[PDB]
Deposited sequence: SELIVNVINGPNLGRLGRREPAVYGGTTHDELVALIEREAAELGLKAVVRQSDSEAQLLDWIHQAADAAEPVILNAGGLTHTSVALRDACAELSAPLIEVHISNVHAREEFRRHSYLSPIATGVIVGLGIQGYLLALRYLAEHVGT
């Protein structure tokens, strides 16, 4: 179907001021533009609140919509986020802008990867665009 949810977690609202010079609004505009090219509709949301993130994931579970998720630090710490993402019946693509394996050791474990469909790391902001293209070819 058309709709794809792009969910960013804590601190991703500060993009542009490791993660590069593009701002979160620029990111939204890039995503929406690529999604229209692809025949999808992208709904892009960001929150520093875990409960707010869980609500958005819950809604994608009930609507059976795919999710492209950059959980930020919660990647490495939240079992609650993992359990909500485990209910999604449509694909889940875990995105990271930086290469989490070229940093601290503790960033090289994700609670999320074992239940995601796939993972894209280190490809910068284009990683989101590439995740979108995967989803457009997989319907």
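Student: Would you mind checking the deposited sequence against the model and listing the stretches with no C-alpha coordinates?
Tutor: Sequence ranges with no C-alpha atoms are 1, 19 to 22, 145 to 146.
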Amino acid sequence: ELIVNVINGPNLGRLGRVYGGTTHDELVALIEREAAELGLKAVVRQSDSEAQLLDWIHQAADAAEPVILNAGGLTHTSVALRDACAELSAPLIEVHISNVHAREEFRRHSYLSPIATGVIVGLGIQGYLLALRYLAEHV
From here on, numbers count along this sequence of modelled residues.
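Student: Counting only other entries that model residues on either side of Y128, is it left out in at least a third?
Tutor: Comparison shows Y128 kept in all of the other entries.
Student: Counting only other entries where the flanking residues are modelled, do a third or more lack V18?
Tutor: Comparison shows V18 dropped in at least a third of the other entries.
Student: Mean CA B-factor: is it higher for 78 to 86 or for 29 to 37?
Tutor: Mean C-alpha B-factor is greater for 29 to 37.
Student: So, looking at the entry's B-factor column for Cα atoms, which has the higher mean, 120 to 128 or 18 to 26?
Tutor: 18 to 26 has the higher mean C-alpha B-factor.
Student: Kindly indicate the residue among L69, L53, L112, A63 with the greatest C-alpha B-factor in the PDB record.
Tutor: Most elevated C-alpha B-factor of the set, per the entry: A63.
Student: According to the PDB entry, is the CA B factor of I7 in the bottom, middle or top third of its chain, that is, lowest, middle or highest?
Tutor: Ranked within chain, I7 CA B lands in the lowest tercile.
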